[PDB]
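Take a look at the structure below.
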Amino acid sequence: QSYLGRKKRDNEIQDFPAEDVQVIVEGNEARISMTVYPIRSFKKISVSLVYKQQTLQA
Amino acid sequence: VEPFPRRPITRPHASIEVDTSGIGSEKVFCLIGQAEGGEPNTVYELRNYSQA
Amino acid sequence: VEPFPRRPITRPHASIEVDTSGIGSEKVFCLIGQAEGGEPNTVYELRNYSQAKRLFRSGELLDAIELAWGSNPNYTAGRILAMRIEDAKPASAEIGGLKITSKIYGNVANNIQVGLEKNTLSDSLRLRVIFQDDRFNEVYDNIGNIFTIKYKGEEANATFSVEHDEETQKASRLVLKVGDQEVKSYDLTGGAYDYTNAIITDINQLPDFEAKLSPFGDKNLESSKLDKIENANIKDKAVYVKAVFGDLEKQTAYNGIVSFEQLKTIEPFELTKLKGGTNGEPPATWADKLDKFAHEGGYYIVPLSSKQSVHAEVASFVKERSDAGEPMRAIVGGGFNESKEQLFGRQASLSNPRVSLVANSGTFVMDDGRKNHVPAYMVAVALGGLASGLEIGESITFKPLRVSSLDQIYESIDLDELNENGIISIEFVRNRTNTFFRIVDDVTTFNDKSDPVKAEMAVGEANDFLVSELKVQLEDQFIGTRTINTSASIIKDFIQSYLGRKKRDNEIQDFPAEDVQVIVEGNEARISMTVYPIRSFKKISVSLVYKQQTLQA
Amino acid sequence: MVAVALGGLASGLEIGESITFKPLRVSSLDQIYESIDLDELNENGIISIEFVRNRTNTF
């Protein structure tokens, strides 16, 4: 969690859920499972511009 | 929904979709009769007495 | 699941398994017709009118491309695939030591002029290409003369020679000689001396020998293409390595209009026009031409010909690809000012769900300003272009055409008869002051209206893309994977996500998720689903009822 | 040699950053690819550099 927190601090990753980080230890082996939302660079921006009427008074 | 640009481009860019919706009887009278002018079998729209 | 490190190691370490999953149609239009440019039996992807004009100089095919994009100003301009029916050949002329061939195909290439001139001041050839049609006139000066070799030693004389392999006629060695005995030689077979740049650097490193690259551009010709020279005195004057043929390829392999090939000794020749350009007789049948569009990904095809035989071949072609898993549809038109009786004959002959007949013909105002009267099948290009620009499942019913005028203005009774016979007709709307043209219906030649999939283009179009896309996606995803216990659940989730996207894009009306059932048994994986297809409105019934109301106070 | 500038720019950038739309600071280019040409190179997985003519301060 501390290691992933530093990555989020430096914006190397988007975010991670701390709850899903599960660690299982059995003998020599130590199974680790984690979830990370990777950082991505924008390459497409879609804009949906909608025109509408407005009524004025006074 | 008019897109912008109309030509697709696969390189990185920004696309804008323009939706022009949401901003967008007369009971005309007729007469037939004799006259000394005008083409035959032709209908003329009249708005003033001077034109007639 | 990409592991890390990929190489296993048995010593203590830490291994990371990276799972990249969870983060990871265009409806192209086609055209075939006469043109004055482009290779024969070749399909070119078109995205702008400038590209088509450069490729296809002129003809009815170019006008069709212009009309296709102009039919839908309010929709995206999609890709267009084009082909030249004419079996044109390139103009060529065998003069001197070079076999001259023109990249342009047809009679237009005959006007190309090619000539070589020798510059006595620099001892280098000069190529000039003149083509008045494009106003193209450029001179490739300083041909050859890749670099110099000079000797500054105190010995009596110094000479160099180049040896060529007999089998390949390619340079293999470049020996520098002082007096009689050899000083040093460079092997041009390959490796260290693939290009002439390495040779120049090594020459300068020697005490007496020197070399300098030519200032007329960065040539960097291959060492194997150097010319054959023997016993050339270096001390008296600097000797230029010519390599005349190699320099031409560098400046003409992907530039200019004219290509060159070696048959012989290359020498200058006077300016002479090329010959042999011939468009050739028109093809007897278009079946061979259509086969090239098999795997190009197109859906709509509009043959630019009024012959009924040409329509039949395209009718069979779209049927053939649909049977092979690549459905397509065709739109055709008959001649100039054809009557209703003639149109019925064309429709009866085809009787194909995947073919549509266009009756109306008229005049379109082009970008050049010409009020060019065109036959019916050119109107189908506008309908085909409009259909391609529309979304999946949309119809061309009641959409505008943007046509200046029509030869025949069908009455209300005439339009109904054409619709009843499965013929597309265009009506001039006189119910408003701002009169305009519109398409009454997109009915196919197949007159059986009981089956809307075959009768209606829009309904059948949605079925084809829905079926075809599902066919491709399932094969890439599930075939070859293990039949795990959760395979049925994963397949069901994939189907629901796929159908959800279709509902999101309004390609289908709705589907019940509960009825989606997946059965897996051995190799086979039976899938069952229910979908409510999207439909286009074609009849609106209103039941207006008048009633009394009582007022008080 | 142009790749050195891209490589040097990439090394100087932080971890996870991209060189997309970043300036190159080049005096001129041999070929000024058009909009259609740039798309084809991108579709084939080839890095291309465009001369921006949409502003007076072209770059």
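Going by the structure tokens order, chains are called A, B, ..., each with residues numbered from 1, while ligands are numbered from 1 in the order shown.
Residue neighbourhood of stretch 17-23 of chain D, excluding near-sequence residues (fewer than 6 positions): residues 41 of chain A; 6, 9, 10 and 59 of chain D, at 8 Å, using only C-alpha atoms.
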Those same residues, written as a PDB file, in the first residue's frame with C-alpha atoms?
```
ATOM      1  CA  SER A  41      -2.451   9.675 -22.004  1.00  0.00           C
TER       2      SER A  41
ATOM      3  CA  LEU D   6      12.693  12.073 -29.167  1.00  0.00           C
ATOM      4  CA  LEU D   9      12.862  14.207 -24.658  1.00  0.00           C
ATOM      5  CA  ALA D  10      11.392  10.889 -23.498  1.00  0.00           C
ATOM      6  CA  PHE D  59       5.913  24.952 -34.807  1.00  0.00           C
TER       7      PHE D  59
END
```
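Within 7 Å of residue A:51, once only C-alpha atoms are used and residues closer than 4 positions along the same chain are dropped, the contacting residues are residues 19, 20, 21, 22 and 23 of chain B.
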Would you output that residue set with N, CA and C atoms, as a PDB file, in the first residue's frame?
```
ATOM      1  N   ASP B  19     -25.194  19.561 -32.310  1.00  0.00           N
ATOM      2  CA  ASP B  19     -26.609  19.202 -32.384  1.00  0.00           C
ATOM      3  C   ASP B  19     -27.399  20.497 -32.543  1.00  0.00           C
ATOM      4  N   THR B  20     -27.897  20.741 -33.754  1.00  0.00           N
ATOM      5  CA  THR B  20     -28.604  21.975 -34.067  1.00  0.00           C
ATOM      6  C   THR B  20     -30.092  21.919 -33.740  1.00  0.00           C
ATOM      7  N   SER B  21     -30.599  20.792 -33.248  1.00  0.00           N
ATOM      8  CA  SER B  21     -32.005  20.708 -32.884  1.00  0.00           C
ATOM      9  C   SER B  21     -32.277  21.519 -31.621  1.00  0.00           C
ATOM     10  N   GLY B  22     -33.546  21.878 -31.432  1.00  0.00           N
ATOM     11  CA  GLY B  22     -33.972  22.637 -30.278  1.00  0.00           C
ATOM     12  C   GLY B  22     -33.960  24.142 -30.448  1.00  0.00           C
ATOM     13  N   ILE B  23     -33.433  24.653 -31.564  1.00  0.00           N
ATOM     14  CA  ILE B  23     -33.428  26.084 -31.857  1.00  0.00           C
ATOM     15  C   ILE B  23     -34.192  26.356 -33.147  1.00  0.00           C
TER      16      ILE B  23
END
```
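One distance worth recording is that between atom CA of residue C:419 and atom CA of residue C:362, which is 19.4 Å.
For the pair atom CA of residue C:324 and atom CA of residue C:471, the interatomic distance is 11.9 Å.
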12 Å contacts from chain A to chain C using only C-alpha atoms, as a PyMOL selection string: chain A and resi 28-40
Store the residues of this selection in a file with N, CA and C atoms, as an mmCIF file, in the first residue's frame.
```cif
data_model
loop_
_atom_site.group_PDB
_atom_site.id
_atom_site.type_symbol
_atom_site.label_atom_id
_atom_site.label_comp_id
_atom_site.auth_asym_id
_atom_site.auth_seq_id
_atom_site.Cartn_x
_atom_site.Cartn_y
_atom_site.Cartn_z
ATOM 1 N N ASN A 28 7.338 -21.506 1.659
ATOM 2 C CA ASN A 28 8.271 -20.592 1.007
ATOM 3 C C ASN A 28 7.534 -19.575 0.145
ATOM 4 N N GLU A 29 6.508 -20.017 -0.576
ATOM 5 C CA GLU A 29 5.784 -19.133 -1.476
ATOM 6 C C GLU A 29 4.993 -18.090 -0.694
ATOM 7 N N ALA A 30 4.801 -16.928 -1.322
ATOM 8 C CA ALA A 30 4.012 -15.830 -0.756
ATOM 9 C C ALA A 30 3.222 -15.208 -1.907
ATOM 10 N N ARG A 31 1.994 -15.682 -2.095
ATOM 11 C CA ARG A 31 1.152 -15.207 -3.184
ATOM 12 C C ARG A 31 0.631 -13.810 -2.873
ATOM 13 N N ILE A 32 0.722 -12.918 -3.857
ATOM 14 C CA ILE A 32 0.276 -11.536 -3.735
ATOM 15 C C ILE A 32 -0.661 -11.230 -4.894
ATOM 16 N N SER A 33 -1.768 -10.554 -4.591
ATOM 17 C CA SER A 33 -2.732 -10.114 -5.588
ATOM 18 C C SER A 33 -3.086 -8.659 -5.329
ATOM 19 N N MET A 34 -3.123 -7.867 -6.399
ATOM 20 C CA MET A 34 -3.419 -6.447 -6.291
ATOM 21 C C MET A 34 -4.114 -5.984 -7.561
ATOM 22 N N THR A 35 -4.813 -4.857 -7.443
ATOM 23 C CA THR A 35 -5.485 -4.204 -8.558
ATOM 24 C C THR A 35 -4.963 -2.781 -8.682
ATOM 25 N N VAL A 36 -4.693 -2.361 -9.916
ATOM 26 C CA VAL A 36 -4.167 -1.032 -10.204
ATOM 27 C C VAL A 36 -4.870 -0.493 -11.440
ATOM 28 N N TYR A 37 -5.286 0.774 -11.383
ATOM 29 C CA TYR A 37 -5.847 1.454 -12.543
ATOM 30 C C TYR A 37 -4.709 2.175 -13.264
ATOM 31 N N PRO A 38 -4.301 1.753 -14.465
ATOM 32 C CA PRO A 38 -3.096 2.340 -15.061
ATOM 33 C C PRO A 38 -3.312 3.777 -15.504
ATOM 34 N N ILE A 39 -2.214 4.534 -15.517
ATOM 35 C CA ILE A 39 -2.246 5.896 -16.033
ATOM 36 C C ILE A 39 -2.265 5.849 -17.555
ATOM 37 N N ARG A 40 -3.010 6.770 -18.163
ATOM 38 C CA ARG A 40 -3.190 6.815 -19.606
ATOM 39 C C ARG A 40 -3.034 8.247 -20.095
#
```
Residue neighbourhood stretch 26-28 of chain D, 10 Å, only C-alpha atoms, exclusion window fewer than 4 positions, as a ChimeraX atom specification: /D:2,5,32,51,59
Create the file for the chosen residues now, containing N, CA and C atoms and written as a PDB file, in the first residue's frame.
```pdb
ATOM      1  N   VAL D   2      17.008  12.403 -35.539  1.00  0.00           N
ATOM      2  CA  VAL D   2      15.797  12.970 -34.955  1.00  0.00           C
ATOM      3  C   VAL D   2      15.322  12.106 -33.794  1.00  0.00           C
ATOM      4  N   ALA D   5      16.550  13.230 -30.392  1.00  0.00           N
ATOM      5  CA  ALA D   5      15.750  14.266 -29.747  1.00  0.00           C
ATOM      6  C   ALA D   5      14.514  13.671 -29.086  1.00  0.00           C
ATOM      7  N   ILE D  32       7.083  17.645 -45.479  1.00  0.00           N
ATOM      8  CA  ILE D  32       5.989  18.169 -44.663  1.00  0.00           C
ATOM      9  C   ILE D  32       4.768  17.330 -45.023  1.00  0.00           C
ATOM     10  N   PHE D  51       4.094  19.799 -39.328  1.00  0.00           N
ATOM     11  CA  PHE D  51       4.323  21.239 -39.266  1.00  0.00           C
ATOM     12  C   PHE D  51       2.976  21.923 -39.065  1.00  0.00           C
ATOM     13  N   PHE D  59       4.927  25.775 -35.493  1.00  0.00           N
ATOM     14  CA  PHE D  59       5.913  24.952 -34.807  1.00  0.00           C
ATOM     15  C   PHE D  59       5.647  23.492 -35.140  1.00  0.00           C
TER      16      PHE D  59
END
```
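Rounded to one decimal, atom CA of residue B:14 and atom CA of residue C:72 lie 22.1 Å from each other.
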Expected answer as an MDAnalysis selection string: chain D residues within 9 Å of chain B, only C-alpha atoms: chainID D and resid 20:21 35:36 38:40 42:43
